[PDB]
**Q** 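Once you've had a glance at the structure underneath, I'll fire off some questions.
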Amino acid sequence: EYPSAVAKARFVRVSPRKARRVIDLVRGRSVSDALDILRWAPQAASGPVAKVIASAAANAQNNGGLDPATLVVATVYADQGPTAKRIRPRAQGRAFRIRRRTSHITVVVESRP
Amino acid sequence: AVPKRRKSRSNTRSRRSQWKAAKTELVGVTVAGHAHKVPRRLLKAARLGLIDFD
Amino acid sequence: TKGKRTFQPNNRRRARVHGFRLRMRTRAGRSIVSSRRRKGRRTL
Amino acid sequence: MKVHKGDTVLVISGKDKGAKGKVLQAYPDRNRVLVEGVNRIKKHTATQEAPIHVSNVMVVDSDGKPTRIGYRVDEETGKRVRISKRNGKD
RNA sequence: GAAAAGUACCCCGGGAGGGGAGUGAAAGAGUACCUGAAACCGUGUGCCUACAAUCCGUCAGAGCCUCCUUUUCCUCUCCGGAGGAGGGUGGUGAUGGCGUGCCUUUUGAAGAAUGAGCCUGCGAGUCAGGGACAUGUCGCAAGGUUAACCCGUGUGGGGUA
RNA sequence: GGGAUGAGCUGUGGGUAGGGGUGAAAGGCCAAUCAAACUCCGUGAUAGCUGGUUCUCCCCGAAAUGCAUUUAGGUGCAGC
RNA sequence: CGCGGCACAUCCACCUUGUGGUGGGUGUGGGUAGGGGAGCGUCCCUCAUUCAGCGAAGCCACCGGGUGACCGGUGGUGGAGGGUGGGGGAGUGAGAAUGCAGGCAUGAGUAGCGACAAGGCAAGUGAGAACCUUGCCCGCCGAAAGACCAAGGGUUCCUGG
Ligand SMILES: [Mg+2]
Ligand SMILES: [Mg+2]
Ligand SMILES: [Mg+2]
Ligand SMILES: [Mg+2]
Ligand SMILES: [Mg+2]
Ligand SMILES: [Mg+2]
Ligand SMILES: [Mg+2]
Ligand SMILES: [Mg+2]
Ligand SMILES: [Mg+2]
Ligand SMILES: [Mg+2]
Ligand SMILES: [Mg+2]
Ligand SMILES: [Mg+2]
Ligand SMILES: [Mg+2]
Ligand SMILES: [Mg+2]
Ligand SMILES: [Mg+2]
Ligand SMILES: [Mg+2]
Ligand SMILES: [Mg+2]
Ligand SMILES: [Mg+2]
Ligand SMILES: [Mg+2]
Ligand SMILES: [Mg+2]
Ligand SMILES: [Mg+2]
Ligand SMILES: [Mg+2]
Ligand SMILES: [Mg+2]
Ligand SMILES: [Mg+2]
Ligand SMILES: [Mg+2]
Ligand SMILES: [Mg+2]
Ligand SMILES: [Mg+2]
Ligand SMILES: [Mg+2]
Ligand SMILES: [Mg+2]
Ligand SMILES: [Mg+2]
Ligand SMILES: [Mg+2]
Ligand SMILES: [Mg+2]
Ligand SMILES: [Mg+2]
Ligand SMILES: [Mg+2]
Ligand SMILES: [Mg+2]
Ligand SMILES: [Mg+2]
Ligand SMILES: [Mg+2]
Ligand SMILES: [Mg+2]
Ligand SMILES: [Mg+2]
Ligand SMILES: [Mg+2]
Ligand SMILES: [Mg+2]
Ligand SMILES: [Mg+2]
Ligand SMILES: [Mg+2]
Ligand SMILES: [Mg+2]
Ligand SMILES: [Mg+2]
Ligand SMILES: [Mg+2]
Ligand SMILES: [Mg+2]
Ligand SMILES: [Mg+2]
Ligand SMILES: [Mg+2]
C-alpha cells in the first residue's frame, strides 16, 4: 500500500507499561511532529522510544530512499521481553520478589502524501 | 484490607486506561535561522540561548 | 543480651570443638570422618 | 587413518563429487582431511577450504581409478607397506 | 547448522539494539539460537455498548458487516456479477422469555460450610506366591501334573520325590 | 524510670549434655523451637480421623432398620 | 396421543433352530451408594501389509462425520518417523489432595525508597549530572559521627581502565 521501513529496539530496560504511556502520544503523527513531542515530554521512556522513530526515518531515507518530510509513524507498539527476578528483604524474615522488566519496541514508519 | 476477589478484564482495563501522560503544547521559535519547537512557557529562554535543543 | 545473636565467631574455638584432631580422638568421630569420605565431601 | 598427508584423493560423495585433489592436512582425531579444491567456503574478509569427512574420499592408486587400500608386510623391515587393491601396486 | 560458512562493507545510535546487503537448502536456524503449545501482554480491524440491576449462558430475534451463489437486467460479454432484491455460510447480538457456579460432605448448600489466582507438566487398587475361594476358557481324562536339578546358544527335551 | 564499691558490670580461656545439665525456682534456660533439644536411622511409624482417587456408554438399582459389641461418628451377621 | 430414530427384555415365524444372525408383535429404557455388560484414546513388542526429504511426528486454522469417549478430510507451519489389521504387555486418561516443579496474572504503576545533621551556587568532565571532581559559602558531630589496636572479614588497599 505504501513504502515503509521497520526499526526494532529489543531488550530496552524500560518497563512495558511505562513505555506504552509514551508511545500513545506519537501514534499516527508525522515524524517531525513526533520527535519533538518526545523531546519535551517529561517521561524517561521518551529517550529510548525517540531513538527508534529517528532510526526508522533514517532507514527509510538511506535504504529505501524516501523523502523524510512525508513520513508518518504508521505502526508503533511495545511488548515485553525477559524479566530478571530479584529479592527485596522485608520485615520478620519475609523475602519478596522484584521484577526488572524489559521491552521490545517496534516502529513501522511509512511515506505517504 | 485485602482484595476479596480478583478484578476481571473489564475493571482492570477501565482503571488502567486512565493512567496516562498528558501531552504538552508546542509553539514556534526561529533562533539563529533554525526553526524549532518548544512549549510556550519556555518561549523566553529560547530567544536567549538558554534552551539546549540537542 | 539485647541485640546479641547466636554465632559469635572465633577460629580457635571452632577447631577445638569441631576440628580434625578432635574427631580423631573418639570412635564416634572417626566414623563421622569416614561417613563424610564415603559421601564424598570436600571438608571433613 | 588410511589416507595420509601426501596422497591424492577422489571425492566420491558430496557437492564436489568427481573432483580430484591432494590432501593438504589430515585430522586423525576427527576423521577429517583437507583437500585442495573441494568445498570452497566464502569466509568473510576480516575463500579457503573446509575439511570433508575422510569417508568421502578414496585413494587414487597413481594409475587413474580410485581404490580401497590394503597392507602388505614388506619381508625386509616388517613395516607393513600401504598397498592398493585392484591389482596390487605401490 | 551438514560445515562456523557466527552477518565483511555502508547506515541511525555513546552503547545495547536494529535496517540494507551477504553466508546458508532454511535466518519462519543469528551464540537471547531445532520444533515453539497454553496461561499472559500488545497493535490493527468488523459488529455491539454511556436510562441501565447481568452464576454472564440458553431458546426466540431485528439490524449491520463479510464472503460464496439461482434469478431480470446493465450486452460495455471473451469481460467483470456494477448496483439492488432472493437464497445460503461466517462474525457481532438491539430486544423478549427461561435460568441459585464446580467439587467435597451432608436430613438438607447458589449457599454467608470445605477446597481451588491462572496455565502447561507430574501426581493414587500395583506386584510377588504351583498361596485361598469362586468363575470364563484350553489340554489330558480314572487319572491330572511335576518341584529342585540335569542336558541344550532360547522359549526346547528329560526328571515320580 | 531502677542499680551504679557491689550478692557489681565485663574481656579472654576452660568445665557441666537429654530423663541429663543448669536453675536466688518462672517448668525458666540449654543456638530465633523445651512438661524432656537437634540430626540421622528403625521408617513408606501408627491414626475406628479428615482430605484425594483421572475415558465413555448400556441394563438393573438400595439403605439410614433389627441383634450383639470397651459398643453408640467403628464393625460382624440378618434385612434391602 | 401422532410421526420418525435408538437401545434392552420377552414371545412368535425363518437361517448350521442357541456361538447365534434376518423379519414381525407387545412391553420396557429418571437415578446417588453399588453390581453387571460392552467400548474410545496414548504408549510399547511381535506377525503381516502399507505410507514417508515429491515432506513422517508434533502444533495451528478451516470444512465435514459417529449413539458416546472421539474420528476423518484439506491446507499452513515443521524436519524423521508413522498408518491399518490378528495378537501380547502397561509408569494408560486429572479439575479439585490449604497437592509439587516451572512460567505468568490480580492487588498496581499502588504502598515503600531504612532516623529529625541540610544543603546551596560557580566552574569542570561527559552522549547523559540533584548525587562524580575542584573552589568558596551554609549546617552537623567533637567522651565521637575524631585517632588507634584485639576478635572477625580476606584483597575490600593503591594505580590504570
Ligand atoms: Mg533478620
Ligand atoms: Mg561417506
Ligand atoms: Mg547486520
Ligand atoms: Mg536480509
Ligand atoms: Mg542465496
Ligand atoms: Mg530440502
Ligand atoms: Mg526449515
Ligand atoms: Mg527465548
Ligand atoms: Mg526457536
Ligand atoms: Mg442507549
Ligand atoms: Mg428485578
Ligand atoms: Mg437474555
Ligand atoms: Mg448439619
Ligand atoms: Mg463457598
Ligand atoms: Mg459467596
Ligand atoms: Mg468442617
Ligand atoms: Mg480458599
Ligand atoms: Mg492446583
Ligand atoms: Mg476342564
Ligand atoms: Mg538513668
Ligand atoms: Mg530515686
Ligand atoms: Mg544512683
Ligand atoms: Mg506452674
Ligand atoms: Mg530458645
Ligand atoms: Mg519423651
Ligand atoms: Mg519395622
Ligand atoms: Mg498411613
Ligand atoms: Mg429403573
Ligand atoms: Mg454387612
Ligand atoms: Mg421413563
Ligand atoms: Mg438408567
Ligand atoms: Mg454408580
Ligand atoms: Mg512446505
Ligand atoms: Mg511417537
Ligand atoms: Mg482434527
Ligand atoms: Mg495434515
Ligand atoms: Mg502435517
Ligand atoms: Mg498417531
Ligand atoms: Mg499392532
Ligand atoms: Mg490390547
Ligand atoms: Mg498414572
Ligand atoms: Mg492439569
Ligand atoms: Mg507455584
Ligand atoms: Mg489501592
Ligand atoms: Mg508515597
Ligand atoms: Mg536513606
Ligand atoms: Mg553544574
Ligand atoms: Mg578505593
Ligand atoms: Mg579502584
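Order of the sequence lines sets the chain letters (A, B, ...), proteins ahead of strands, with each chain counted from 1. Computed from heavy atoms alone, side chains included, the values below leave out hydrogens, waters and symmetry copies.
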**Q** Check RNA chain E against residues 97-113 of chain A and give the residues with a non-hydrogen atom under 4.0 Å, in numerical order.
**A** none
**Q** Tell me if the CZ atom of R30(C) is crowded by more than 12 foreign heavy atoms within 6.0 Å.
**A** yes
**Q** What does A31(F) pair with, Watson-Crick or G-U, if both distances are under 3.5 Å?
**A** none
**Q** Can you sort out which residues in residues 3-23 of chain B have a heavy atom within less than 4.0 Å of RNA chain E? Ascending by number, please.
**A** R6(B), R9(B), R13(B)
**Q** Should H44(D) be listed as having a side-chain N or O under 4.0 Å from OP1 or OP2 of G6(E)?
**A** yes
**Q** Please give, in whole Å, the distance from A2(E) P to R32(D) CZ?
**A** 13 Å
**Q** Output the rounded distance in Å from CG (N31(D)) to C1' (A3(E)).
**A** 16 Å
**Q** Given Watson-Crick or G-U pairs with both distances under 3.5 Å, what dot-bracket string fits RNA chain E, with | for other-strand pairs and [ ] for crossing?
**A** .....(..((((....))))............).......................((((..(.(.(.(.(.............)).).).)..))))...(.(........).).||||||..........................(((....)))...
**Q** Mind checking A56(A) for me? I need base, sugar-phosphate or nothing, with any heavy atom below 4.0 Å counting as a touch.
**A** nothing
**Q** What is the nucleic acid contact for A7(A), judged by heavy atoms within less than 4.0 Å: base, sugar-phosphate only, or nothing?
**A** sugar-phosphate
**Q** Go ahead and name the base partner of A13(G); Watson-Crick or wobble counts if both distances stay under 3.5 Å, otherwise write none.
**A** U22(G)
**Q** Can you tell me how far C1' of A108(G) sits from CZ of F96(A), to the nearest Å?
**A** 15 Å
**Q** May I ask whether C62(G) and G73(G) qualify as a Watson-Crick or G-U wobble pair, both distances being under 3.5 Å?
**A** yes
**Q** Using modelled atom types only, decide if a donor and an acceptor are shared between the side chain of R47(B) and the backbone of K44(B) within a distance under 3.5 Å.
**A** no
**Q** Distance-only, no hydrogens or angles: does the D33(A) side chain make a donor-acceptor pair with backbone N or O of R29(A) under 3.5 Å?
**A** no
**Q** Just the rounded figure in Å: distance from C1' of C104(G) to CD of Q80(A).
**A** 10 Å
**Q** Between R86(D) and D61(D), is the closest basic N to carboxylate O distance under 4.0 Å?
**A** no
**Q** Mind telling me if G24(G) is north or south by its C1'-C2'-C3'-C4' torsion?
**A** north
**Q** Can you see a Watson-Crick or G-U wobble pair between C132(G) and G124(G), using both distances under 3.5 Å as the test?
**A** yes
**Q** If the threshold is 4.0 Å, N to carboxylate O, is there a salt bridge linking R40(D) and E49(D)?
**A** yes
**Q** Only pairs with both distances under 3.5 Å count, Watson-Crick or wobble alike; so what is the partner of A127(G) in this structure?
**A** none
**Q** What is the distance from atom CZ of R20(A) to atom OG of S15(A), rounded to the nearest 0.5 Å?
**A** 8.0 Å
**Q** Rounded to whole angstroms, how far apart are CZ on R94(A) and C1' on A111(G)?
**A** 15 Å
**Q** Is there a donor in the side chain of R82(D) and an acceptor in the side chain of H4(D), or the other way round, less than 3.5 Å apart?
**A** yes
**Q** Under a 4.0 Å heavy-atom cut-off, which of residues 7-29 of chain C touch RNA chain G?
**A** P9(C), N10(C), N11(C)
**Q** Could you check whether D36(A) pairs with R39(A) (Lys NZ or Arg NE/NH1/NH2 to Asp/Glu carboxylate O, under 4.0 Å)?
**A** no
**Q** Toward the 5' end of RNA chain E, which comes first, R40(D) or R27(A), by nearest nucleotide?
**A** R40(D)
**Q** Look through every strand shown and name the nucleotide pairing with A78(F) as Watson-Crick or G-U wobble, where both distances are under 3.5 Å.
**A** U65(F)
**Q** Counting only heavy atoms and a strict 4.0 angstrom limit, can you tell me which residues of residues 8-25 of chain A come near RNA chain G?
**A** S15(A), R17(A), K18(A)
**Q** When we call it a touch if two heavy atoms are under 4.0 Å apart, what does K15(D) touch: a base, just sugar-phosphate, or nothing?
**A** nothing
**Q** Would you find more than 12 non-hydrogen atoms of other residues, nucleotides or ligands less than 6.0 Å from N87(D) atom CG?
**A** no
**Q** Under 4.0 Å between any heavy atoms, over every strand shown, what does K51(A) touch: base, sugar-phosphate, or nothing? Just pick one.
**A** base
**Q** Across all strands, who's sitting opposite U43(F) as a Watson-Crick or G-U wobble pair, both distances under 3.5 Å?
**A** none
**Q** Which sits closer to the 5' end of RNA chain E, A50(D) or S55(A), going by the nucleotide each is nearest to?
**A** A50(D)
**Q** Taking CZ in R72(D) as the centre, count heavy atoms belonging to other residues, nucleotides or ligands within less than 6.0 Å. Is the count above 12?
**A** yes
**Q** Is there a side-chain polar atom (N or O) of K4(C) under 4.0 Å from OP1 or OP2 of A31(F)?
**A** no
**Q** Look for any protein N or O under 3.5 Å of an N or O in nucleotides 16-25 of chain F and output each such pair with its distance, or none.
**A**
none

**Q** Who does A7(F) pair with, Watson-Crick or G-U, both distances under 3.5 Å?
**A** none
